[PDB]
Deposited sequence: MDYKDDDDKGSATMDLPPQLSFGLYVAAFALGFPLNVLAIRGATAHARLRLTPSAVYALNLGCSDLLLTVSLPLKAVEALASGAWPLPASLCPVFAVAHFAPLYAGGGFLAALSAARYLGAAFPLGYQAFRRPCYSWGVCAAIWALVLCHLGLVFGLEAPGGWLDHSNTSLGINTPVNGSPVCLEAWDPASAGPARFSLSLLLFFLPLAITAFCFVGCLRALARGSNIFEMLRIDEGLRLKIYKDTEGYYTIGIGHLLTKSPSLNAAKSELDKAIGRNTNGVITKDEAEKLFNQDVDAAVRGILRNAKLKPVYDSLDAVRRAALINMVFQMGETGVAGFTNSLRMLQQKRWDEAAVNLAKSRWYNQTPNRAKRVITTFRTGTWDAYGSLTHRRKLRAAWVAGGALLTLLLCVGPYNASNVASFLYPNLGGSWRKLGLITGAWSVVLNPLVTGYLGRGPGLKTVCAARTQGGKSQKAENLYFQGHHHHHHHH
């Protein structure tokens, strides 16, 4: 409440803000998360540099110690990096959400230049919106109430530059929570193991293959492969397909791998007794080897039916399958043993957990720092009875985003 306490809290924010954000930048410079943390660290620095001036203003109970014409420029130089901070948190939470909810789809669509593009658009939108609004409608500075005529303009700032990022961050945090519960499925697992190629290639066994691990023929003839490919799609392809056609063959093959297990007497008892994750591991095998091949793993299959996970793991490792494709086999074996997705880097529960925490941290620091000011500034044009201490507090909490913001990124 007293101006001396206001002064101190700003100084604390500066004093904590400066090192923490330089440290943040180095941590980011040592993926989309890094880009957003880097731009957040920079906007935090610009905000930090304006704090000494913000602090002396609070100490003088609102008195602006500089020429009145510099007040609009300082308003931009202070609020610009402030609002940008919010948007980066919103962008970062979006990247985390997309990574958590749609790992593979995200990774396919994602390009490094988009992250910068998004960041640029944020800087652009913020400075254009603030520069115009504060430039057209501006000895007291930031502590002063805005005239009721400046309402529509200042409201558009809060609406667009805070409330919208907030709502989006809230969506991303809820989506992240949902992603945790959703875990992962067999389609994602096989997409990682088989990869994606649009040209005809040879697998580790030397057979002609296309798409997401679709076996074309066991024949050594490339022309027989090109013939079987045109059968599978019903169109002359000449050894090249689209992503859409690949995904269609993928669902048919997963279906075929499942139906193969369903009609197998030696595979079906195990399939029936497993959970979905351990089921996914079985399907992966039958996808790679076929039903008869996997049916011959008599020992391992029996141990899996009796929930003897460790024994089964050790057994499966003695196979030709393990020696020919070790990385893939180890993942499928780990899946079998644990019944989790721990073996799959971009599908793991922890990765989804970190996204939830980043988004949650982001949502909270948006609510607590940039939140209170905008909530009270819009509530100043309505309700002419509003107390002055609400906006003054909001400016303090907003300043503290230079402390909170670097913490949520984890660098």
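(message) Counting from residue 1 of the deposited sequence, where are the gaps with no C-alpha coordinates?
(response) Residues lacking C-alpha coordinates: 1-15, 46-51, 160-180, 454-491.
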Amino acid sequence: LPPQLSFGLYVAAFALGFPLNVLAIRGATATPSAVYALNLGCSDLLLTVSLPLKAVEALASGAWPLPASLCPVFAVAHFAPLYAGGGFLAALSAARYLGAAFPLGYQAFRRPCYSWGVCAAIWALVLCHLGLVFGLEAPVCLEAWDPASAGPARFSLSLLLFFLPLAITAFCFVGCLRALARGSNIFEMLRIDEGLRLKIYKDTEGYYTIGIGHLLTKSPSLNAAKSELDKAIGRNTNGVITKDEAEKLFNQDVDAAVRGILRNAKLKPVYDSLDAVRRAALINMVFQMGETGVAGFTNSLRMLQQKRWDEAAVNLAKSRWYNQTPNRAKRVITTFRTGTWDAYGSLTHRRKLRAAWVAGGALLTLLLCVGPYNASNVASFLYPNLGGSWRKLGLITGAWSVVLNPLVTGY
From here on, numbers count along this sequence of modelled residues.
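(request) Using only the Cα atoms and their B-factors as the entry lists them, report which of 377-385 and 352-360 averages higher. (result) For C-alpha atoms only, the mean B-factor is higher in 377-385.
(request) Compare the mean C-alpha B-factor of 165-173 with that of 202-210 as given in the PDB entry, and name the stretch with the higher value. (result) Looking at the recorded C-alpha B-factors, 202-210 comes out higher on average.
(message) For the CA B factor values reported in this entry, which option in 99, 269, 112, 87 has the top one?
(response) If I rank 99, 269, 112, 87 by C-alpha B-factor, first place goes to 112.
(request) Using the temperature factors in the entry, find which of 93, 288, 236, 184 has the highest value at its Cα atom. (result) That would be 236, according to the entry.
(request) Check where residue 280 lands among this chain's C-alpha B-factors and tell me if it's the lowest, middle or highest third. (result) Lowest third of the chain for residue 280's C-alpha B-factor.
(message) Looking at the temperature factor on the CA atom of residue 300, which third of the chain's modelled residues does it land in?
(response) Ranked within chain, residue 300 CA B lands in the middle tercile.
(message) Taking only the Cα B-factors deposited for this chain, tell me whether residue 319 sits in the lowest, middle or highest third.
(response) Ranked within chain, residue 319 CA B lands in the middle tercile.
(request) State the tercile, meaning the lowest, middle or highest third, of residue 145 with respect to the CA B-factors recorded for its chain. (result) It belongs to the highest third of the chain when residues are ordered by C-alpha B-factor.
(request) Rank-wise, by C-alpha B-factor, drop residue 18 into the lowest, middle or highest third of its chain. (result) For residue 18, whose C-alpha B-factor we compare with every modelled residue in the chain, the answer is the middle third.
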